[PDB]
Protein chains: 4
Amino acid sequence: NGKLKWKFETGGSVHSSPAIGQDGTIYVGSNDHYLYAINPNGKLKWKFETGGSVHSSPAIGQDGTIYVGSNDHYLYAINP
Amino acid sequence: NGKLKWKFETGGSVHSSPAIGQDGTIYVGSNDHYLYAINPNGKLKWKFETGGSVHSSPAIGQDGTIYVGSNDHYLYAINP
Amino acid sequence: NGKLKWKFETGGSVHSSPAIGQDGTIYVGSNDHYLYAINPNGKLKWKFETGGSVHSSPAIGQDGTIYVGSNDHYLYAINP
Amino acid sequence: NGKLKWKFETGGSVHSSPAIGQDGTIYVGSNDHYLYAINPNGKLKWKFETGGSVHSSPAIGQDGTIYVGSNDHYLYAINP
Ligand SMILES: [Zn+2]
Ligand SMILES: [Zn+2]
Ligand SMILES: [Zn+2]
Ligand SMILES: [Zn+2]
Ligand SMILES: [Zn+2]
Ligand SMILES: [Zn+2]
Ligand SMILES: [Zn+2]
Ligand SMILES: [Zn+2]
């Protein structure tokens, strides 16, 4: 209905587009260099530090693996 | 067939890529800082103001929740 | 196997990410301001001129409608 | 669980967002001008050189064809 459910603060601009896991987990990169995994309730699940801004948008594999590029030149594969 | 169905004017460049809800609603960010929810007929459903340009492309959860990053550093979860 | 099938020349950088229709049609924006509809064989189906660069990536609705933002501030809904 | 599975080094910033094939292959562009095809185990499958940075995010057709734009103005269709 367009009402805020919650907002989660990262350390930089969130240019990355979120991806949704099988359990509802939301994955998204931030310009603060981290890939974020956020629970559907808004609490952080984990965050993974890459070497540069994560402008790339994550994709989820058939086994749950999360893949995302970084401006540090790497394609990352992160376990769930 | 490549003919215009309609066009909806936001207040800034629409860099964000649209997402489609279960009922056909189209969600998209604008550089004018808003997340837009547009009905399949072209009429605005609602718009949600974040603190910065919405370059991020929205994702839709299993329960309809719309998630999108903003250049204000936040990942937003918006109720339908 | 990583061999070129074909390449289709637009008038500018293709920053937009392609979307695939029910019949295999590939839709993508170009910085030349057009939304392109390309047949799976590489021949143009149609192209639609917006008012600015199409950095936004198209989405396809349940009825085939293609939606894409433009840097001209508009969200476009294009008939198939 | 947020632990690194692997990271694959390209020659430039990975702004492109990855796409996942039917067999788990991960496709992604790099600013080094290549489209990469990476096996789920982290070993390169192939890489395809376009004429400019691949900021566009790949899409996969019903027959496995991978489509991606390049800043060289072209939309590419690459065989699997
Ligand atoms: Zn900032
Ligand atoms: Zn930095
Ligand atoms: Zn403008
Ligand atoms: Zn602003
Ligand atoms: Zn050029
Ligand atoms: Zn222009
Ligand atoms: Zn670099
Ligand atoms: Zn270059």
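Residues numbered from 1 in each chain as written, not as in the entry; some residues may be left out. Chains lettered and ligands numbered in written order. Heavy atoms only, no water.

Method information in the entry identifies X-ray crystallography as the source of the structure, with 1.80 Å recorded as the resolution.

Per the PDB entry, chain A goes by Cell surface protein and derives from synthetic construct.

**Student:** What am I meant to see in the arrangement of the chains here?
**Tutor:** One finds no contact between chain A and chain C; the C-alpha atoms of the two approach each other to within 12 Å at their closest. The smallest C-alpha distance separating chain B from chain D is 12 Å, and no contact links them. (Contact = heavy atoms within 4.5 Å.)

**Student:** Is there a simple way to think about the environment of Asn1(C) in this case?
**Tutor:** Counting through the fold element by element, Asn1(C) comes out in the segment before β1 (4-9). When its relative accessible area of 52% is taken as the criterion, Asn1(C) is described as exposed. Excluding residues that lie within four positions of it along the chain, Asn1(C) makes contacts with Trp46(D), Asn79(D) and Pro80(D). Engagement of the side chain of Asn1(C) in a polar contact is seen with the backbone nitrogen of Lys3(C), the distance being 3.2 Å. (Helix = DSSP H or I, 4+ residues; strand = E, 2+ residues; numbered from the N terminus. Buried < 20%, exposed > 50% of the residue type's maximum accessible area, 1.4 Å probe, protein only. Polar contact = N/O pair within 3.5 Å; in protein donor to acceptor, adjacent residues only side chain to side chain.)

**Student:** Looking at this model, I keep getting lost on the sheet that holds strand β1 (residues 4-9) of chain B. Mind explaining?
**Tutor:** Across a sheet, paired strands are connected by hydrogen bonds in the backbone, their directions being either parallel or antiparallel. Pairing within the open sheet is antiparallel, and its four strands lie in the order β1(B)-β8(C)-β7(C)-β6(C). Since the sheet does not close on itself, it has two edges, and those belong to β1 of chain B together with β6 (59-60) of chain C, each with one partner. Pairing of β6(C) with strand β7 (residues 66-69) of chain C involves two bridges; the strand directions are antiparallel. In the strand pairing of β7(C), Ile60(C) is matched with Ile66(C). (Pairing = 2+ DSSP bridges.)

**Student:** Explanation requested: the packing of aromatic side chains in the structure shown.
**Tutor:** Any two aromatic rings considered together are summarised by their centre-to-centre distance and by the angle between their planes. Per the counting criterion, the structure on display carries 24 aromatic pairs over all chains. Ring centres 6.0 Å apart and planes at 40° place the aromatic pair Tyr27(B) and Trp46(B) in the tilted group. Of this pair, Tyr27(B) sits in strand β3 (residues 26-29) while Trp46(B) sits in strand β5 (residues 44-49), placing them 19 residues apart in sequence. Judged by relative accessible area, which is 9%, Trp46(B) ranks as buried. One aromatic cluster is present, formed by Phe8(A), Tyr34(A) and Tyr36(A) through successive ring pairs. One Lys or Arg, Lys7(D), reaches over the ring of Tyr74(A) and ends 4.7 Å from the middle of that ring. (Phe/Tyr/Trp six-rings, centres within 6.5 Å; stacked < 30°, edge-to-face > 60°. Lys NZ or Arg CZ within 6 Å of the ring centre and 35° of its normal.)

**Student:** Would you take a moment to explain the relation of the copies chain A and chain B for this structure?
**Tutor:** For these two chain copies, the linking operation is a rotation about an axis paired with a shift along it. Between chain A and chain B, the superposition needs a rotation of 90° and an axial shift of 0.0 Å, giving an RMSD of 0.0 Å. Taken together, these values place the two copies in the relation of a four-fold axis. Interface overlap between copies is the fraction of interface residues in one copy that are interface residues in the other; for chain A against chain B it is only 8%, indicating separate surfaces. (Least-squares fit on C-alpha atoms.)

**Student:** Sorry if this is basic, but what is going on with the pattern of salt bridges here?
**Tutor:** Pairing between side chains of opposite charge can happen when their charged atoms approach one another. All names here are of chain A. Following the criterion strictly, the structure yields four salt bridges over all chains and no others. In this structure, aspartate 23 and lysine 45 form a salt bridge, with 3.4 Å as the shortest nitrogen-oxygen distance. With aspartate 23 in the loop between β2 (19-20) and β3 (26-29) and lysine 45 in strand β5 (residues 44-49), the pair connects residues that are 22 residues apart, well separated along the chain. Given the relative accessible area of 32%, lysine 45 is considered partly exposed. (Salt bridge = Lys/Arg side-chain N within 4 Å of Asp/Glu carboxyl O.)

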